[PDB]
Amino acid sequence: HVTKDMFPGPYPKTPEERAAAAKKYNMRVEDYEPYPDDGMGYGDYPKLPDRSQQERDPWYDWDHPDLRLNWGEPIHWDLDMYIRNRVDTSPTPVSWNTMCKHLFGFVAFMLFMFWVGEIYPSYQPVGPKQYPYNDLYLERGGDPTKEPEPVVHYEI
Amino acid sequence: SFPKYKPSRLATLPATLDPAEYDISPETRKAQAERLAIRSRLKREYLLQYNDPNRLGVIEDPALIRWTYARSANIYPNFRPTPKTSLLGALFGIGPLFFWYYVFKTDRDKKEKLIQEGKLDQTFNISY
Amino acid sequence: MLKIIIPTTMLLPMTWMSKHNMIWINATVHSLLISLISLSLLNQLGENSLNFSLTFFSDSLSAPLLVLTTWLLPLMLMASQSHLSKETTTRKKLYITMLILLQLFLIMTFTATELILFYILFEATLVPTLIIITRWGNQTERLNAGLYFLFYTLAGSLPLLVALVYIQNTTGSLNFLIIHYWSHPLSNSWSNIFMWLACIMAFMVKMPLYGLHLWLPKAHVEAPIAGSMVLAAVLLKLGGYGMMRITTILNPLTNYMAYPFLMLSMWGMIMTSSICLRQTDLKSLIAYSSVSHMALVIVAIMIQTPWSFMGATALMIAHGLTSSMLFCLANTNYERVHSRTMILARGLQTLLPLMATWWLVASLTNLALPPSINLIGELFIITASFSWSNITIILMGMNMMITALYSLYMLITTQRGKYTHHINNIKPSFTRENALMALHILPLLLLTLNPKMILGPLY
Amino acid sequence: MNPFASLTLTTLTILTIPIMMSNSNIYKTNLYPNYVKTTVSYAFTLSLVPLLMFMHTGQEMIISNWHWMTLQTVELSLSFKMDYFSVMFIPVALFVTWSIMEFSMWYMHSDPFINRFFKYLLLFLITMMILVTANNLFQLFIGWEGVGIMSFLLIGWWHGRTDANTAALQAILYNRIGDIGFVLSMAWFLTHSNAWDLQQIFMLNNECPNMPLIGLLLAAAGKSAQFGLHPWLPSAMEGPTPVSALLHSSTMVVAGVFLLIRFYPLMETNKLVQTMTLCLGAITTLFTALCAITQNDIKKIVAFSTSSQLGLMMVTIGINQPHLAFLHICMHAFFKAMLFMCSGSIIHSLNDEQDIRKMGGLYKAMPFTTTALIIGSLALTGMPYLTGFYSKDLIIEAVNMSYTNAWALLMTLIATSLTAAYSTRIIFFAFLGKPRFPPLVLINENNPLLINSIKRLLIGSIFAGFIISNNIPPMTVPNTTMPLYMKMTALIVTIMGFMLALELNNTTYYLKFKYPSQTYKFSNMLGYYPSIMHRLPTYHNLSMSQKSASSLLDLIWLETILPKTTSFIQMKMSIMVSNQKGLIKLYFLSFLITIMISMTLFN
Amino acid sequence: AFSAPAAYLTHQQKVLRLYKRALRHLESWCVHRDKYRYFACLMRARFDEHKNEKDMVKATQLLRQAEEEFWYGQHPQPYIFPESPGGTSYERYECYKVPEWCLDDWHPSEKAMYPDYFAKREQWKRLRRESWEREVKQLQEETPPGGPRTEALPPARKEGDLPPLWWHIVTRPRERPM
Ligand SMILES: CCCCCCCCCCCCCCCCCC(=O)OC[C@H](COP(=O)([O-])OCC(O)COP(=O)([O-])OC[C@@H](COC(=O)CCCCCCCCCCCCCCCCC)OC(=O)CCCCCCCCCCCCCCCCC)OC(=O)CCCCCCCCCCCCCCCCC
Ligand SMILES: CCCCCCCCCCCCCCCCC[C@@H](O)O[C@H](CO[C@H](O)CCCCCCCCCCCCCCC)COP(=O)(O)OCC[N+](C)(C)C
Ligand SMILES: CCCCCCCC/C=C/CCCCCCCC(=O)OC[C@H](COP(=O)(O)OCCN)OC(=O)CCCCCCC/C=C/CCCCCCCC
């Protein structure tokens, strides 16, 4: 039931076709803003804000309550990336840079201190464990036909 | 005063912290009124098509059709060969291939050399 | 081998002399009987092959493909029975005739003792598919899709005929048995390089390779359900079978030659699996998943190790069944919604629970959940690639993860959540559709009990 | 003939019968959950016999019963290992599952699909038994993937909720990240050792290289929710309380630790991988306890406790003490499962309220749950002679009496402090203060199912550590001598954590308010890790998947190169050739030109 | 959620919403009841100080400045009611919400059970068929020319009339169908 003129077209250059395209997508001329006219084939599709669907009002009676969309309203180009099951742009109490730096700082500090602890281990005031028969030679690997160097363990 | 909240791409500005909302003008009020008028007209059309008893089919959504058509079928006819498009396409379509070819070629050359000199210790390797 | 071919030929007069309201019943019954007849070929030997005559032979690489090709026809008939209801008897008979001819061409293609006969049938399969796509197609782009599908194939395959006739002029025979026993090394020469390219690119285009995969989304989206089933299940495996058959002559040139293809496939599986994440279409998503799986099969064939070949065979069979099931599910949704877009009809688990169970099983078997044969082929190919190079695993790892993601994505967008309020024409699922899904899924879970039956001649 | 094999296979076999009867008429009645519960209880009491046979003799066995496909030299068969780990873990898991189903009969009383819930629980139990009893790597991978799929299904139990589906997909994503390392390990072992069988792998690997152990460690980190891949375990609390109590607390999440225990002969022969495991466990337990000590949801707090315990388990593994880590698994199962029973009882009694800000006086308002939660918190902290004490005290002693990292030891001690901290936080904010729930009081416990299910795990969490420690054979050298101050380090740290956290919580009654600091914000938002890592990569992936892979290359350039260029060239050539005005003057001038060219060129 | 939204929010609506958010977040901060009561009364008193202020520019200066303070101390993990859009049981029972028209697809053997329910449903269907035909004309005559300006519907004005577009508001499945 959709006609030919109801489909997206090429980039608008003149104010009259800009207004006609704004009418096509059911928005105001002042609210209409196409993507910058480069090579990528955006054509004549509005550039809605990159805000997610999660931060849309959860109390409004949408026609699609789960997706938080209305029937006739224009659809964001990246809707399927913002579907409340995926990346969201809701503001956080802490600023993005602070979380990054704080998170980055914590991770870096942990890595460095583990390296330092590797450099400086902990042990006991004891010598190595002593094992009876040539340092358990026969039952660790075997090879009985070699007669390795005998070891006698110190009695103290 | 309190530390300022700095917005980002993935953490947008809060609704109540926008400097634009406090700057109210009759033009802005008229804009909001006509926006809600368009929204209410669309809502009225959808509910008129929705409530009717006679209708027994999916209601067709021109916005969804436009979204899908623009995403799929309107890309190439609006393509223009541009330095940005050319460089991004060449990079993202050639660079990974040559990178992986170099990596695998170097790995296999090292393995072949190690097997030629024989210092590889391939004992118990019987399945390939 | 004629005990299978002659009944398939007799399917045509039986269909055309059938009563106007008994074509579907007659066709399904006799197709199932022919499938049962095809089961005899599965009992292979560890020796050379099942050489029936000078014209046709059987192999444990050919036998599973033949069985799958025979089994696919009743499913295609049952799937096509729905949307051809308002259609005249003559055109329904023509549709069934085209399906029967496609099966006959595939059956003769898979046995094909001689390479020129194999090429002739391999390209004969093209006409019925093209006509099915361009005639009983809904959208206006079916003509462009048919043109793409025809011309990609022919551009790939025209050098193959020249290479084959040249090879017969030099060697003296195109017979598979003679070629295998008399194989001689190919010197690393420019002429030999171009001969290798001509021998390989024809089968590479039909897999299809990541560079040459464009025709496939068009052909799959625009074809009817039977066309999509036959394209995803059998027609894609023709390239893999051809490569496994023709690669013997190619060595030792394949090692140097294989790198451009190995890199293209290892990056293209990631690219297509990632494309699946952002898709607004069920059919396109299934098509791209098929492209990823066949890229992995290309990698397996190019590595050319025993484990590679067994994994490739198992993955081909498993992918055929799984993709046919997925297309059938998408078509069941489309026949109710008439939109063929995921985001429109939602929350179908609440309305159709058993169909949601079928969706879950299909998505799990596409996800390669053990001990399904999908993961058997997956793991064999991954191990062979790791032995080929310890770095490949990283790419493979990404692929697996990405695969799971979009699979469950397709399971979550359409089945979970809240049902669209406006759609009210979602009627209860029919017995025919549930039987279709059951007949798709039961062979996979039966085959996982006997994996050796689909592991190829190198088992 | 030697009933060990017959019994140890009969338990697993009879665990499957209700799945067979799921198509029968009993599945359509209200007696199905009781049927499943009775089947589980009989399986437990039947599996108690091989445990007794092991305790008496130390009898060990391998049962390779069905021969699967054999590829060349390699042979794949249905093989079950019934070692000490299997015959010890099976009764504990069956007992916990019995208690969980008894609790769930009451907690899911109003759920329309309760038979399907019970079926889902039994399927998970069967798959985990497959995972535990696996003798080869393929069967272990089968169980590995089955438990993950059942967790995905159970987390998104309420499929109308967007966040449940998101959490299930999160769990799948992280488990696949671990699956990468699992598959790497399988590939390396098959290629180098020529087998997936456990016996062959141990025999041919005297000095195991880095790569297979790194793959195993990656898989263990993925499935045990270590610091790199932790958030899915806290996010998994979206599912029903029985699901969180059975899978994500005591049975499923120990899969990675159990896997690392299975390969302990190869773990002990490598020193770098041991260090990585130790450091990963220490950082995980610290970070998870730090996040726990400041949460408001009780389920989140207890899940972070579980993650910290898993970190402590991998700390035990890293110091070459696998059997003690197994003992920790067995004890933690008991007391943490009972902890979730108490939490779910509170949540159900407060009309599906999970925030601790809306729960006040419950010490007297609901006494049995009170004493059960008190005993569970005491066992978690490590009270001498309690179930926790047998394992955790030995953990602390072995970590202290070993040549380890100083930083890892410090982080483990701080993690113990924070464990005490969130334990007393739970008790104080749920049990001591004045009531804060809505005025309509619906508090009730007089139900036999809940009381019996809780008291069974209470008896377990009281006596199991003692009986099991004194019944199992000795398997390691003890730290029989130790400095007095260093013997009491665990107790002094626990009491210090108790007293300091109690003092810090007691200041909330003061009529003074101040804004939070940066440390509190960092700890409350989970180190900001779930924010950034769940917004920066995914977007950067998804955008690319549409911009570069889909539109730039596939829709434009790949289309520009082969088809569009051919179309344009053929169109131009056809236009040029066919555009002749029909003037024979031009035609015959061209004829003269070609005639003279042929006369000049071809002779 | 039920009422239609307005074209904008007035200053008093904004201050009331800010008061609501701040009081909820202070209750989240103050776990105990006495502490919360004391601090809430202190906050209410502070809030009432600027109540009789008449300067609009000053009025704009007030609250917005407070909003920044609210954002700084907004308790990053506030209390949310279980069924609220952030609660732990926000959409637990949406999977049990089956549409009414599905009953039109039941097998006759299923409709043999519950016959009185289906008879009442038939009466409802008759009422809907008549009322919708009346409502189309009523809304066509009452709607302002050029399209509606606010998405609010008028009530019924005659005797036998029913509220316009009522079928899908009256026939909601339930809050807790199972
Ligand atoms: C060798 C001798 C052995 C003996 C040693 C000495 C014995 C003990 C001495 C005591 C020492 C300190 C113990 C007190 C802890 C502080 C508690 C406190 O006052 O909290 C309130 C206070 C703020 O409270 P608020 O904001 O008003 O919250 C409002 C309400 O209270 C909201 O309250 P709520 O109702 O929502 O929830 C209450 C919750 C909320 O409270 C919190 O906010 C918790 C946050 C702080 C407590 C966490 C302490 C754990 C420290 C481990 C950190 C590992 C390193 C991390 C690296 C980060 C790198 C950036 O508080 C709690 O539940 C209890 C907190 C945990 C205390 C219990 C256990 C701690 C004692 C064990 C510590 C070490 C001893 C180990 C034992 C073994 C012997 C060696 O917290 C602080 O002021 C922080 C103090 C220390 C934090 C250290 C991190 C500072 C990092 C700054 C940058 C540094 C440079 C990095 C450069 C890196 C570049 C690469
Ligand atoms: C578009 C989507 C994908 C489509 C399919 C793509 C896959 C096909 C690409 C073919 C792979 C490479 C072809 C030839 C490889 C030969 C090896 C060569 O690259 O290495 C050097 C060769 O050096 C240079 O490469 C010489 C050739 C340079 C000219 C080739 C054009 C390079 C870019 C063109 C790519 C366009 C392909 C598509 C055409 C439509 C080695 O030096 P040399 O020892 O001396 O030669 C060894 C070979 N001998 C023994 C027979 C003599
Ligand atoms: C995308 C596919 C890959 C394309 C890679 C190269 C593309 C550029 C080539 C364009 C076509 C070039 C046509 C001329 C090539 C000449 C090659 C040649 O003559 O070798 C023939 C060689 C030796 O010649 P003789 O004189 O008989 O030997 C005696 C002395 N030794 O004999 C043969 O092997 C014959 C086989 C035919 C060669 C195939 C020619 C076509 C190019 C190969 C196929 C690659 C393109 C496939 C298209 C892909 C579309 C899906």
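Top line first, the protein sequences correspond to chains c, o, r, l and p.
For the first sequence, counting from 1, position 116 maps to 146 in the entry's author numbering; every step adds exactly one.
For the second sequence, counting from 1, position 34 maps to 35 in the entry's author numbering; every step adds exactly one.
For the third sequence, counting from 1, position 356 maps to 356 in the entry's author numbering; every step adds exactly one.
For the fourth sequence, counting from 1, position 16 maps to 16 in the entry's author numbering; every step adds exactly one.
For the fifth sequence, counting from 1, position 1 maps to 2 in the entry's author numbering; every step adds exactly one.
Backbone N, C-alpha and C fix where the C-beta goes; we use that ideal spot for every residue, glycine too.
Note down, one range per segment and in chain order, each alpha helix (DSSP H) of at least 4 residues found wholly within the stretch 308 to 382 of chain r.
-> For secondary structure counted as the alpha helix (DSSP H) over 4 or more consecutive residues, the stretch 308 to 382 of chain r holds these complete runs in sequence order: 348 to 351 and 353 to 366.
When you check each C-beta in the stretch 517 to 543 of chain l against every C-beta of chain o, which residues fall closer than 9 Å?
-> Those residues of the stretch 517 to 543 of chain l that come within reach of chain o (Cβ to Cβ, closer than 9 Å) are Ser531, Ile532, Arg535, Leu536 and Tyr539.
If you draw a straight line from the alpha carbon of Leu324(l) to that of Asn450(r), how long is it in whole angstroms?
-> In this structure, the straight-line span from the alpha carbon of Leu324(l) to that of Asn450(r) is close to 41 Å.
Around the C-beta of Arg91(r), are 16 or more other C-beta atoms found within 10 angstroms, so that it is buried, or is it exposed?
-> Counting the other Cβ atoms within 10 Å of the Cβ of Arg91(r) gives fewer than 16, which makes it exposed.
Would you decide whether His183(c) is buried or exposed? Buried here means 16 or more other CB atoms lie within 10 Å of its CB.
-> The residue in question, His183(c), is exposed, as its Cβ has fewer than 16 Cβ neighbours within 10 Å.
With DSSP as the reference, label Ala225(l) as helix, strand or coil.
-> Three-state result, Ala225(l): coil.
Would you say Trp102(p) faces chain r, with C-beta separation under 8 Å as the test?
-> Proximity of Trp102(p) to chain r, defined by a Cβ-Cβ separation below 8 Å, is satisfied.
Under a CB-based cut-off of 8 Å, is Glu75(l) close to chain r?
-> Not closer than 8 Å to any Cβ of chain r, the Cβ of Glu75(l) fails to qualify, so no.
Own chain partners of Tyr174(l) with C-beta closer than 7 Å, once the 5 adjacent residues on each side are dropped = Annotation for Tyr174(l): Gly222, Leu229 and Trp232 place their beta carbon closer than 7 Å to its own, counting only its chain and skipping 5 residues before and after.
Residue-chain proximity (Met401(r), chain l), Cβ-Cβ < 8 Å = True, the Cβ-Cβ gap to chain l drops below 8 Å.
State the Cα-Cα distance for the pair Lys112(o) and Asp122(o), rounded to the nearest angstrom.
-> The alpha-carbon atoms of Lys112(o) and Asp122(o) are separated by roughly 12 Å.
Expressed to the nearest angstrom, what Euclidean distance is found between the alpha-carbon atoms of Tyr264(l) and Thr316(l)?
-> Across the structure, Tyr264(l) and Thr316(l) are spaced so that their CA atoms are roughly 12 Å apart.
Can you check whether the CB of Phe428(l) is closer than 8 Å to the CB of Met359(l)?
-> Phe428(l) sits away from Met359(l), with the two beta carbons spaced by 8 Å or more.
Could you name the residues whose beta carbon sits closer than 5 Å to any heavy atom belonging to ligand 3, keeping them in chain order?
-> Listed along the chain, these residues meet the criterion: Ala155(r), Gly156(r), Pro159(r), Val162(r), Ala163(r), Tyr166(r), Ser191(r), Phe194(r), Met195(r), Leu197(r), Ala198(r), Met201(r) and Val205(r).
Comparing alpha-carbon positions, which option in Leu94(l), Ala282(l), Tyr385(l) and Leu526(l) lies nearest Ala406(l)?
-> Cα-wise, what sits closest to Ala406(l) is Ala282(l).
Can you name the residues of chain l whose CB is closer than 8 Å to the CB of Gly90(o)?
-> Chain l residues near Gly90(o): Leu552, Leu553, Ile556 and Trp557.
Check the DSSP bridge columns for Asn405(l) and list the partner residues they point to.
-> Residue pairing by DSSP puts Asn405(l) in a beta bridge opposite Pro151(c).
Is it the case that the CB of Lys514(l) approaches a heavy atom of ligand 1 more closely than 7 Å?
-> Correct: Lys514(l) has its Cβ closer than 7 Å to ligand 1.
Looking at the structure shown, is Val162(r) part of a helix, part of a strand, or coil, going by DSSP?
-> Note: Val162(r) maps to helix in three-state DSSP.
Below 8 Å between beta carbons is the criterion; list the residues of the stretch 61 to 73 of chain o that meet it against any residue of chain c, in chain order.
-> Residues are counted here when their Cβ sits less than 8 Å from a Cβ of chain c; for the stretch 61 to 73 of chain o these are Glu61, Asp62, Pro63, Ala64, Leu65, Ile66, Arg67, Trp68, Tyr70, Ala71 and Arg72, given in chain order.
Using the beta-carbon of each residue, which ones in chain r are nearer than 7 Å to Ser545(l)?
-> Correct list: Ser274, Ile275, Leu277 and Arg278.
Round the Cβ separation of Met108(r) and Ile34(r) to the nearest angstrom and send it over; I've been treating them as touching at under 8 Å.
-> At roughly 14 Å, the Cβ-Cβ gap does not stay under 8 Å, so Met108(r) and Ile34(r) are not in contact.
How about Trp107(p): is its C-beta nearer than 8 Å to some C-beta of chain o?
-> Under the 8 Å criterion on CB atoms, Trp107(p) is classed as non-interfacial with respect to chain o.
Return helix, strand or coil for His230(l), following the three-state DSSP convention.
-> Reduced to three states, the DSSP call for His230(l) is coil.
Going by the beta-carbon positions, is the gap between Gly146(l) and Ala134(l) smaller than 8 Å?
-> The criterion of a C-beta distance shorter than 8 Å is not satisfied by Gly146(l) and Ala134(l).
Near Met76(r), which residues of its chain fall below 7 Å by C-beta distance, leaving aside the five closest residues on each side in sequence?
-> If you ignore the 5 residues before and after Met76(r), its C-beta comes within less than 7 Å of the C-beta of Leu99, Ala226, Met229 and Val230, all in its own chain and listed in chain order.
Have a look at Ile298(r) and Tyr409(r) and give me their C-alpha separation to the nearest angstrom.
-> In a straight line, the C-alpha of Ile298(r) is about 26 Å away from that of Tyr409(r).
First through last residue of the beta strand (DSSP E) which encompasses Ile62(l) = Where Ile62(l) is concerned, the enclosing beta strand (DSSP E) stretches over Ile62 to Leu71.
For the putative contact between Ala404(r) and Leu360(r), defined by C-beta atoms under 8 Å, what is the C-beta separation to the nearest angstrom?
-> With a Cβ gap of about 13 Å, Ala404(r) and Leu360(r) do not count as contacting.
Taking all protein chains shown into account, decide if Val92(l) is buried (16 or more other Cβ within 10 angstroms of its Cβ) or exposed.
-> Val92(l) is buried by the Cβ-count criterion.
Thinking C-beta only, is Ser77(l) closer than 8 Å to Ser86(l)?
-> Taking 8 Å as the Cβ cut-off, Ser86(l) and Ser77(l) do not qualify as a contacting pair.
Members of the stretch 75 to 101 of chain p near chain r, C-beta cut-off 9 Å = Under the 9 Å Cβ criterion, the stretch 75 to 101 of chain p contributes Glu92, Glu95, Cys96, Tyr97, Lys98, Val99 and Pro100.
Rounded C-alpha distance that separates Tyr47(o) from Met44(p) | Straight-line Cα distance between these residues: approximately 45 Å.
Please name the residue in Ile462(l), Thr416(l), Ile569(l) and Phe138(l) whose C-alpha comes closest to that of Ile293(l).
-> Per the C-alpha coordinates, the member of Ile462(l), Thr416(l), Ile569(l) and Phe138(l) positioned closest to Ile293(l) is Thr416(l).
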